[PDB]
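**Student:** Handing over upload-v9.csv, CSV, C-alpha atoms.
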```csv
chain,number,residue,atom,x,y,z
A,1,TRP,CA,118.7,86.7,125.3
A,2,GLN,CA,115.6,85.5,123.2
A,3,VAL,CA,113.3,87.0,125.8
A,4,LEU,CA,115.0,90.3,125.7
A,5,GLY,CA,114.5,90.4,121.9
A,6,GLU,CA,110.8,89.9,122.4
A,7,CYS,CA,110.5,92.8,124.8
A,8,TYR,CA,112.4,95.1,122.3
A,9,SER,CA,110.2,93.8,119.5
A,10,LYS,CA,107.0,94.6,121.4
A,11,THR,CA,108.2,98.1,122.4
A,12,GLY,CA,109.0,99.4,118.9
A,13,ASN,CA,112.8,99.2,119.1
A,14,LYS,CA,113.4,97.1,116.0
A,15,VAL,CA,116.9,98.5,115.6
A,16,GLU,CA,118.0,97.0,118.9
A,17,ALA,CA,116.0,93.7,118.6
A,18,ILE,CA,118.0,92.8,115.5
A,19,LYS,CA,121.3,92.8,117.5
A,20,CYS,CA,119.7,91.0,120.4
A,21,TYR,CA,118.7,88.0,118.4
A,22,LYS,CA,122.1,87.7,116.7
A,23,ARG,CA,123.7,87.4,120.1
A,24,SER,CA,121.3,84.7,121.1
A,25,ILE,CA,122.2,82.7,118.0
A,26,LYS,CA,125.8,82.4,118.9
A,27,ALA,CA,125.1,81.3,122.5
A,28,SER,CA,122.9,78.4,121.3
A,29,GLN,CA,124.8,75.1,121.6
A,30,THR,CA,122.8,73.3,118.9
A,31,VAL,CA,121.8,74.7,115.5
A,32,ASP,CA,118.3,73.2,115.7
A,33,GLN,CA,117.3,75.5,118.5
A,34,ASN,CA,117.9,78.5,116.1
A,35,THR,CA,115.0,77.5,113.9
A,36,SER,CA,112.4,79.6,115.8
A,37,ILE,CA,114.7,82.7,116.0
A,38,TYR,CA,115.5,82.7,112.3
A,39,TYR,CA,111.9,83.0,111.2
A,40,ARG,CA,111.1,85.8,113.7
A,41,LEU,CA,114.5,87.5,112.9
A,42,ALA,CA,113.5,87.4,109.2
A,43,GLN,CA,110.2,89.1,110.1
A,44,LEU,CA,111.9,92.0,111.8
A,45,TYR,CA,113.9,92.7,108.6
A,46,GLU,CA,110.6,92.7,106.7
A,47,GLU,CA,109.4,95.4,109.1
A,48,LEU,CA,112.7,97.2,108.3
A,49,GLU,CA,111.6,97.6,104.6
A,50,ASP,CA,114.6,95.6,103.1
A,51,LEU,CA,113.3,92.4,101.6
A,52,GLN,CA,116.7,91.5,100.0
A,53,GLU,CA,118.4,91.3,103.4
A,54,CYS,CA,115.9,88.9,105.0
A,55,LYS,CA,116.4,86.3,102.1
A,56,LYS,CA,119.8,85.2,103.5
A,57,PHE,CA,118.2,84.3,106.8
A,58,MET,CA,115.3,82.5,105.0
A,59,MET,CA,117.9,80.4,103.3
A,60,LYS,CA,119.5,79.3,106.6
A,61,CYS,CA,116.2,78.4,108.4
A,62,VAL,CA,115.1,76.3,105.5
A,63,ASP,CA,118.5,74.7,105.1
A,64,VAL,CA,118.5,73.5,108.7
A,65,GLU,CA,115.5,71.3,107.8
A,66,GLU,CA,117.7,69.6,105.1
A,67,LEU,CA,120.6,69.3,107.5
A,68,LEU,CA,118.4,67.5,110.0
A,69,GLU,CA,117.2,64.8,107.6
A,70,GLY,CA,113.9,66.5,107.2
A,71,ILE,CA,112.9,67.8,110.6
A,72,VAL,CA,109.6,69.2,109.1
A,73,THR,CA,108.9,71.6,112.0
A,74,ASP,CA,106.1,74.2,112.3
A,75,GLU,CA,108.3,77.3,112.1
A,76,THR,CA,110.0,76.1,108.9
A,77,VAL,CA,106.5,75.5,107.3
A,78,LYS,CA,105.9,79.3,107.4
A,79,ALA,CA,109.4,79.7,106.1
A,80,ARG,CA,108.8,77.7,102.9
A,81,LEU,CA,105.4,79.2,102.3
A,82,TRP,CA,106.8,82.8,102.5
A,83,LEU,CA,109.9,81.9,100.5
A,84,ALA,CA,107.8,80.4,97.7
A,85,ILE,CA,105.5,83.4,97.6
A,86,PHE,CA,108.4,85.8,97.1
A,87,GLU,CA,110.0,83.6,94.5
A,88,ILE,CA,106.8,83.9,92.4
A,89,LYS,CA,107.3,87.7,92.4
A,90,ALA,CA,110.9,87.1,91.3
A,91,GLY,CA,109.7,85.2,88.2
A,92,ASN,CA,111.6,82.0,89.1
A,93,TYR,CA,108.8,79.5,89.0
A,94,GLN,CA,111.1,76.4,88.9
A,95,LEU,CA,113.0,77.4,92.0
A,96,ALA,CA,109.7,77.9,93.8
A,97,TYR,CA,108.0,74.7,92.8
A,98,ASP,CA,110.1,72.4,95.0
A,99,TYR,CA,109.6,74.6,98.0
A,100,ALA,CA,105.8,74.0,98.0
A,101,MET,CA,106.3,70.2,97.5
A,102,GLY,CA,108.7,70.0,100.5
A,103,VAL,CA,106.3,71.7,102.8
A,104,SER,CA,103.3,69.5,101.8
A,105,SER,CA,103.4,67.8,105.2
A,106,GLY,CA,102.4,70.7,107.5
A,107,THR,CA,99.1,71.9,108.8
A,108,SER,CA,95.7,71.8,107.1
A,109,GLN,CA,96.0,75.4,105.9
A,110,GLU,CA,99.8,75.0,105.2
A,111,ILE,CA,99.3,72.2,102.7
A,112,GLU,CA,96.6,73.9,100.7
A,113,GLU,CA,98.6,77.1,100.5
A,114,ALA,CA,101.5,75.3,99.0
A,115,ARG,CA,99.2,73.1,96.8
A,116,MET,CA,97.6,76.0,95.1
A,117,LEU,CA,101.1,77.7,94.7
A,118,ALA,CA,102.4,74.4,93.2
A,119,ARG,CA,99.7,74.5,90.6
A,120,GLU,CA,100.4,78.2,89.8
A,121,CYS,CA,104.2,77.6,89.3
A,122,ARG,CA,103.6,74.3,87.4
A,123,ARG,CA,101.6,76.1,84.8
A,124,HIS,CA,104.3,78.7,84.2
A,125,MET,CA,107.0,76.0,84.4
B,1,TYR,CA,68.3,81.6,94.7
B,2,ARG,CA,70.0,80.6,91.4
B,3,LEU,CA,70.6,84.2,90.4
B,4,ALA,CA,72.2,84.6,93.8
B,5,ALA,CA,74.3,81.5,93.3
B,6,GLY,CA,75.4,82.8,89.8
B,7,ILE,CA,76.6,86.1,91.1
B,8,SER,CA,78.2,84.3,94.1
B,9,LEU,CA,80.3,82.1,91.9
B,10,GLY,CA,81.3,85.0,89.7
B,11,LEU,CA,82.3,87.3,92.6
B,12,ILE,CA,84.4,84.6,94.4
B,13,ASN,CA,86.5,83.9,91.3
B,14,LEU,CA,86.7,87.4,90.0
B,15,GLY,CA,89.7,87.9,87.7
B,16,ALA,CA,90.5,84.2,87.4
B,17,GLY,CA,89.9,83.9,83.7
B,18,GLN,CA,92.9,85.7,82.2
B,19,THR,CA,94.7,82.4,82.0
B,20,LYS,CA,96.4,81.8,78.7
B,21,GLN,CA,94.1,75.8,88.3
B,22,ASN,CA,93.9,76.4,84.5
B,23,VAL,CA,92.7,72.9,84.0
B,24,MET,CA,90.1,73.2,86.7
B,25,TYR,CA,89.1,76.7,85.5
B,26,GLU,CA,88.7,75.3,82.0
B,27,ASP,CA,86.6,72.5,83.4
B,28,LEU,CA,84.4,75.0,85.3
B,29,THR,CA,84.2,77.2,82.2
B,30,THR,CA,83.1,74.4,79.9
B,31,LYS,CA,80.6,73.2,82.5
B,32,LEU,CA,79.0,76.7,82.7
B,33,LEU,CA,79.0,76.9,78.9
B,34,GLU,CA,77.4,73.5,78.7
B,35,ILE,CA,74.6,74.8,81.1
B,36,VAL,CA,74.1,78.0,79.0
B,37,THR,CA,74.1,76.2,75.6
B,38,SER,CA,72.3,72.9,76.4
B,39,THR,CA,69.0,72.6,74.5
B,40,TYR,CA,66.5,70.2,75.9
B,41,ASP,CA,63.4,69.1,74.1
B,42,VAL,CA,62.0,67.8,77.4
B,43,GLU,CA,62.2,69.9,80.6
B,44,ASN,CA,64.7,68.3,83.0
B,45,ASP,CA,63.8,68.7,86.6
B,46,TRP,CA,67.2,69.7,88.1
B,47,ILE,CA,68.4,71.8,85.2
B,48,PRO,CA,65.5,74.2,84.4
B,49,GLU,CA,65.9,77.5,82.5
B,50,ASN,CA,66.0,79.4,85.8
B,51,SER,CA,69.8,78.7,86.1
B,52,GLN,CA,70.5,80.1,82.7
B,53,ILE,CA,70.9,83.7,84.0
B,54,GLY,CA,73.1,82.5,86.8
B,55,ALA,CA,75.3,80.5,84.4
B,56,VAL,CA,75.4,83.5,82.1
B,57,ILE,CA,76.1,85.9,85.0
```
How does this structure look as C-alpha cells?

**Tutor:**
Amino acid sequence: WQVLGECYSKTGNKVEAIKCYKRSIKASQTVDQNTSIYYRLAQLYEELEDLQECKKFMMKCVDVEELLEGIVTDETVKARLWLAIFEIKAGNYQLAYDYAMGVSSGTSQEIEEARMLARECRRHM
Amino acid sequence: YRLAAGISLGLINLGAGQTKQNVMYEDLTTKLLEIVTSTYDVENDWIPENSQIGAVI
C-alpha cells in the first residue's frame, strides 16, 4: 500500500494518494512503522493548501516518539523542526520552545536549526 | 579587503538589528562600535584605520 501511495504522489494524483496512505496505516501491525508515513502524509496535506488539517497528523507522529520512550528517529526530527517553525507563526513561543529542545539530538543541520529557533523563542518567552 | 569584509558582514546579517541571538547581536554591535570609536595615540598593527569604513559600513 505504501508503494502505491508513492506512485500516486509522483504522478500528480494528490487526492488519491491521501486515501492510499490512510489504508496503509490501518494494515500496519505496529504503530512505530507508521512514523515514516505520517510525515509524508502531512506533506501531501501541505501541498493541498490546508495547513490546519496537517497539524493533527503532526501531533501523532511526534507523540509516537514519546510513546516509544524517546525513539528519536530521523523522520520525527523533521517533524519537530517543521512543527516548531509553524508554532512561531502562531505566536505561541512557549509551546514551541520544548519542541526544539527535544529534537536537539538529530543531525548536524537538525540541531543547529532547532538551536537558533530555541534562542528566538526564548527571547520572546 | 576590509571594505569587502565590512559590506560582507552587513549583507549577511541584513535586517537583524530590529531586536528590542539578541545577546550575540548586542555583542557584535558593541564590538563594531568599539572598533569605530576607539582612539589610539599609537598606531596598532592589527587594528589600523583602514577597517573604520568597514566597521561603519

**Student:** Taking into account all atoms listed in the file, which residue in the set B:7, B:12, B:50, B:55 is nearest to residue B:33?

**Tutor:** B:55

**Student:** Of the residues B:24, B:35, B:56, B:42, which is the one nearest to chain A, using only C-alpha atoms?

**Tutor:**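 Closest candidate: B:24.
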
**Student:** I need the residue nearest residue A:70 from this list: A:32, A:55, A:87, A:94. Use all atoms listed in the file for the distance.

**Tutor:**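 Ranked by minimum distance to residue A:70, first place goes to A:32.
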
**Student:** Nearest to chain A among B:53, B:36, B:23, B:47, with distances taken over only C-alpha atoms: which residue is it?

**Tutor:**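 Selected residue with least distance to chain A: B:23.
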
**Student:** At a cut-off of 9 Å, which residues of chain A touch chain B? Count only C-alpha atoms and give the answer as a PyMOL selection string.

**Tutor:** chain A and resi 116+119-120+123

**Student:** As an mmCIF file, keeping the file's coordinate frame, please: stretch 12-33 of chain B completed to N, CA and C atoms.

**Tutor:**
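part_38.cif was written with the following content:
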```cif
data_model
loop_
_atom_site.group_PDB
_atom_site.id
_atom_site.type_symbol
_atom_site.label_atom_id
_atom_site.label_comp_id
_atom_site.auth_asym_id
_atom_site.auth_seq_id
_atom_site.Cartn_x
_atom_site.Cartn_y
_atom_site.Cartn_z
ATOM 1 N N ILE B 12 83.311 85.316 93.694
ATOM 2 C CA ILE B 12 84.400 84.600 94.400
ATOM 3 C C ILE B 12 85.629 84.485 93.543
ATOM 4 N N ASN B 13 85.451 84.064 92.293
ATOM 5 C CA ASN B 13 86.500 83.900 91.300
ATOM 6 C C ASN B 13 86.734 85.019 90.364
ATOM 7 N N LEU B 14 86.517 86.252 90.815
ATOM 8 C CA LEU B 14 86.700 87.400 90.000
ATOM 9 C C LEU B 14 88.185 87.504 89.514
ATOM 10 N N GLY B 15 88.383 87.765 88.224
ATOM 11 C CA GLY B 15 89.700 87.900 87.700
ATOM 12 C C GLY B 15 90.510 86.600 87.602
ATOM 13 N N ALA B 16 89.841 85.453 87.527
ATOM 14 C CA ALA B 16 90.500 84.200 87.400
ATOM 15 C C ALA B 16 90.501 83.614 86.000
ATOM 16 N N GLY B 17 89.998 84.377 85.031
ATOM 17 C CA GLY B 17 89.900 83.900 83.700
ATOM 18 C C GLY B 17 90.908 84.380 82.690
ATOM 19 N N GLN B 18 91.838 85.236 83.108
ATOM 20 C CA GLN B 18 92.900 85.700 82.200
ATOM 21 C C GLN B 18 93.970 84.740 81.940
ATOM 22 N N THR B 19 93.752 83.480 82.303
ATOM 23 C CA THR B 19 94.700 82.400 82.000
ATOM 24 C C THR B 19 94.905 82.239 80.539
ATOM 25 N N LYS B 20 96.140 81.975 80.128
ATOM 26 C CA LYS B 20 96.400 81.800 78.700
ATOM 27 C C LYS B 20 95.873 80.469 78.205
ATOM 28 N N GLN B 21 95.202 74.801 88.182
ATOM 29 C CA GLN B 21 94.100 75.800 88.300
ATOM 30 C C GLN B 21 93.522 76.075 86.920
ATOM 31 N N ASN B 22 94.390 76.189 85.910
ATOM 32 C CA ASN B 22 93.900 76.400 84.500
ATOM 33 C C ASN B 22 93.058 75.253 84.068
ATOM 34 N N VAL B 23 93.465 74.022 84.380
ATOM 35 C CA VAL B 23 92.700 72.900 84.000
ATOM 36 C C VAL B 23 91.325 72.907 84.652
ATOM 37 N N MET B 24 91.337 73.176 85.958
ATOM 38 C CA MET B 24 90.100 73.200 86.700
ATOM 39 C C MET B 24 89.253 74.432 86.347
ATOM 40 N N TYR B 25 89.883 75.558 86.003
ATOM 41 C CA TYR B 25 89.100 76.700 85.500
ATOM 42 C C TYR B 25 88.523 76.379 84.128
ATOM 43 N N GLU B 26 89.266 75.665 83.278
ATOM 44 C CA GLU B 26 88.700 75.300 82.000
ATOM 45 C C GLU B 26 87.554 74.293 82.180
ATOM 46 N N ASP B 27 87.660 73.388 83.156
ATOM 47 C CA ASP B 27 86.600 72.500 83.400
ATOM 48 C C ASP B 27 85.324 73.235 83.898
ATOM 49 N N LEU B 28 85.507 74.194 84.808
ATOM 50 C CA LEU B 28 84.400 75.000 85.300
ATOM 51 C C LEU B 28 83.805 75.839 84.135
ATOM 52 N N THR B 29 84.672 76.399 83.288
ATOM 53 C CA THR B 29 84.200 77.200 82.200
ATOM 54 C C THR B 29 83.373 76.381 81.192
ATOM 55 N N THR B 30 83.852 75.185 80.845
ATOM 56 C CA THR B 30 83.100 74.400 79.900
ATOM 57 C C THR B 30 81.824 73.815 80.512
ATOM 58 N N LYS B 31 81.811 73.570 81.826
ATOM 59 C CA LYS B 31 80.600 73.200 82.500
ATOM 60 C C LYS B 31 79.532 74.305 82.447
ATOM 61 N N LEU B 32 79.950 75.544 82.721
ATOM 62 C CA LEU B 32 79.000 76.700 82.700
ATOM 63 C C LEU B 32 78.507 76.913 81.268
ATOM 64 N N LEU B 33 79.398 76.807 80.280
ATOM 65 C CA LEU B 33 79.000 76.900 78.900
ATOM 66 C C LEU B 33 78.043 75.824 78.479
#
```
